[PDB]
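Chemist: Sending over a structure as structure tokens; questions will come in a sec.
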Amino acid sequence: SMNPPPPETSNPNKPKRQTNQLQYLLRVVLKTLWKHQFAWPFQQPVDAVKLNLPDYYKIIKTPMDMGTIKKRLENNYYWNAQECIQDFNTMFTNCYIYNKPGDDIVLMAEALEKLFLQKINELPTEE
Ligand SMILES: COc1ccc2c(c1)C(c1ccc(Cl)cc1)=N[C@@H](CC(=O)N1CCC(N(C)C)CC1)c1nnc(C)n1-2
């Protein structure tokens, strides 16, 4: 029933880059999803205490959210685009694992995921 520490957004030991693909993930992909009418449940870690979800972190062992992704992109946490794409996919999958088909929160995740897929289809070739 308590909240865990949030995912890591800072680790000096971890080697970093700023590739053209990572810049597209911030300027196009994250920005498009963040401004959407359905973004709000996904803009910060799940607060299992205030939402009264005492089983959330029993079921979900790899939590992820767009607040964490935004910080990772803005503070240059990643080496490559695949690491960041994996974080978005983990966020959607967690929502579908915890909830039921047709729930409001699932419809919201599906709308954001459709846009994610349309933008990643045009990921530029790495320069
Ligand atoms: C800050 O508010 C949040 C954050 C994360 C959420 C949720 C809400 C919203 C939420 C629900 C409806 C609408 Cl319209 C919008 C959101 N859902 C939660 C899930 C949720 O509360 N329950 C209600 C109680 C249920 N019993 C235990 C069976 C489980 C599902 C959630 N799941 N992933 C994320 C992200 N989320």
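Chain labels follow the order of the structure tokens: the first chain is A, the next B, and so on; residue numbering restarts at 1 in every chain, and ligands are counted from 1 in their shown order.
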What's around stretch 104-120 of chain A at 7 Å? Count only C-alpha atoms, leave out sequence neighbours fewer than 5 positions away in its own chain, and write the answer as a PyMOL selection string.
Modeler: chain A and resi 29+33+38+92+95-96+99
Chemist: If we count only C-alpha atoms, what is near residue A:68 at a cut-off of 10 Å, once residues fewer than 6 positions away on the same chain are taken out, given as a PyMOL selection string?
Modeler: chain A and resi 6-9+42-45+87
Chemist: Do you know which residues are at most 12 Å from residue A:86 counting only C-alpha atoms, after dropping those on the same chain fewer than 6 positions away, and could you put them as a list in words?
Modeler: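 Once the adjacent positions are removed, what remains is residues 25, 62, 64, 65, 69, 78, 80, 92, 93, 116 and 120 of chain A.
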Chemist: With N, CA, C and O atoms kept, could you save the residues just selected as an mmCIF file, in the first residue's frame?
Modeler:
data_model
loop_
_atom_site.group_PDB
_atom_site.id
_atom_site.type_symbol
_atom_site.label_atom_id
_atom_site.label_comp_id
_atom_site.auth_asym_id
_atom_site.auth_seq_id
_atom_site.Cartn_x
_atom_site.Cartn_y
_atom_site.Cartn_z
ATOM 1 N N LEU A 25 12.460 12.333 -30.415
ATOM 2 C CA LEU A 25 11.653 11.788 -29.304
ATOM 3 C C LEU A 25 11.177 12.866 -28.308
ATOM 4 O O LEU A 25 10.065 12.745 -27.774
ATOM 5 N N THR A 62 7.773 -2.786 -12.936
ATOM 6 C CA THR A 62 8.579 -1.866 -13.763
ATOM 7 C C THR A 62 7.732 -0.616 -14.063
ATOM 8 O O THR A 62 7.256 -0.413 -15.185
ATOM 9 N N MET A 64 6.484 3.127 -15.009
ATOM 10 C CA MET A 64 6.997 4.165 -15.916
ATOM 11 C C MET A 64 5.871 5.150 -16.230
ATOM 12 O O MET A 64 4.677 4.770 -16.247
ATOM 13 N N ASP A 65 6.246 6.406 -16.484
ATOM 14 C CA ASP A 65 5.287 7.509 -16.694
ATOM 15 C C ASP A 65 5.982 8.585 -17.564
ATOM 16 O O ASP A 65 7.236 8.614 -17.667
ATOM 17 N N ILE A 69 9.896 10.133 -18.215
ATOM 18 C CA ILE A 69 10.455 10.178 -19.584
ATOM 19 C C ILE A 69 10.897 11.618 -19.939
ATOM 20 O O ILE A 69 11.985 11.815 -20.513
ATOM 21 N N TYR A 78 19.668 9.101 -21.639
ATOM 22 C CA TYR A 78 19.736 7.968 -22.568
ATOM 23 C C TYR A 78 21.037 7.935 -23.406
ATOM 24 O O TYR A 78 21.642 8.993 -23.694
ATOM 25 N N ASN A 80 20.602 5.751 -26.407
ATOM 26 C CA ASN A 80 19.976 5.567 -27.723
ATOM 27 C C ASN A 80 18.445 5.694 -27.664
ATOM 28 O O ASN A 80 17.832 5.708 -26.584
ATOM 29 N N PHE A 92 2.514 2.047 -21.425
ATOM 30 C CA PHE A 92 1.225 1.563 -21.980
ATOM 31 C C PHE A 92 0.885 0.155 -21.456
ATOM 32 O O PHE A 92 -0.249 -0.101 -21.017
ATOM 33 N N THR A 93 1.866 -0.759 -21.522
ATOM 34 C CA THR A 93 1.656 -2.155 -21.083
ATOM 35 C C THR A 93 1.231 -2.229 -19.603
ATOM 36 O O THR A 93 0.314 -3.002 -19.260
ATOM 37 N N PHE A 116 1.566 7.869 -30.612
ATOM 38 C CA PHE A 116 2.944 7.399 -30.469
ATOM 39 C C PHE A 116 3.381 6.591 -31.711
ATOM 40 O O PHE A 116 4.458 6.834 -32.284
ATOM 41 N N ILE A 120 6.409 7.448 -34.308
ATOM 42 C CA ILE A 120 7.613 6.589 -34.420
ATOM 43 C C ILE A 120 7.783 6.002 -35.826
ATOM 44 O O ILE A 120 8.910 5.708 -36.235
#
Chemist: Name the residues of chain A that come out as helix (DSSP H, G or I) in a backbone DSSP run; write them as a ChimeraX atom specification.
Modeler: /A:20-34,40-42,56-59,66-74,81-98,104-120
Chemist: Quick one: pull the distance between atom CA of residue A:126 and atom CA of residue A:20, Å, one decimal.
Modeler: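 A separation of 6.3 Å between them.
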